[PDB]
Each structure stands twice: as C-alpha cells, then as structure tokens.
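Counted the way the deposited numbering counts, the sequence shown spans residues 1 to 127. Worksheet: the structure to be examined is printed underneath.
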Amino acid sequence: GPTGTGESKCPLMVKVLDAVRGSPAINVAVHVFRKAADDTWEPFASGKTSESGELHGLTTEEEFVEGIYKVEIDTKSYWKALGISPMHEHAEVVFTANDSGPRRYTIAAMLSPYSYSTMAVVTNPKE
C-alpha cells in the first residue's frame, strides 16, 4: 500500500522523511501536546528521530488517553545539519482522536521547504 510500513510500540508512530533528500531525518526535535479543558495544549510527550526517521517510546498505552493532540516538528534542526535555507520555522499539525485501541498506524510526513508540503494521516475504525 501507499502508507503503513514498519513496526513500533507506541500507539502513534511519527516518521519524519525529507522530500528534498528522499531520506529520513536524524535528530528531529518533535513534541506532542494534548488539548486541555482550557482550549490549550498541554505537554504529552517529546523526542527525536533516528537514521530510520521513526520516533517511538514517547508514552504508554495507560498514559495515552483520548482527545485531540498537536505535534510540532523542528525541521530547522535537520536543515542546520547541512545548511539548507530555512524557508519556515517548524511544522505544527493537529490530530483529533475519537477512539483508541489495537491496529496502530504510522504517520508519514515529508519535509519540503521549497516544494509544497507533504503529509499523510491514517484513520482507525472507531465505529
């Protein structure tokens, strides 16, 4: 298929790949927040990617609750490694959850400052 490749432990796998290099970014500062009761975003998890571009071990299933969550990727850290023109600062995306469970999915995101952005999100059965 187009998406869904690779194993993981966390309930949500984040893959940070480069659209200009066509390879996974290393040491990609990523953060995960959750929608609070004050229409704000609280700290949920955070971590960096590896040579594989995969980032797991953020949180557990007992801590991973339902609700909306916002993810922030620091591409600048990866752009400074080679010295690429930092067209933008960081990439922030919001994901709404309706129900958790098995059959975890992985989010494939591509980094492209020059060309149009590229991101892929997968949905699970909550019916």
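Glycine included, C-beta positions come from ideal geometry on N, C-alpha and C.
A direct Cα-to-Cα measurement between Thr106 and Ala36 gives close to 24 angstroms.
Nearest neighbour of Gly47 by Cα position, chosen from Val94, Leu12, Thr123 and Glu89, turns out to be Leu12. Residue state for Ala45 is assigned as strand, using DSSP reduced to three classes. In terms of Cα proximity to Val16, the closest of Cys10, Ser112 and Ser100 is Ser112. Taken through DSSP and simplified to helix, strand or coil, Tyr116 comes out as coil.
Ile73 is the residue among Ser117, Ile73 and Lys80 whose C-alpha sits nearest the C-alpha of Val32. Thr75: member of the alpha helix (DSSP H) spanning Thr75 to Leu82, first to last residue.
Taking a cut-off of 8 angstroms on C-beta distances, the region 62–69 does not touch the region 81–92, as fewer than three cross pairs fall below it.
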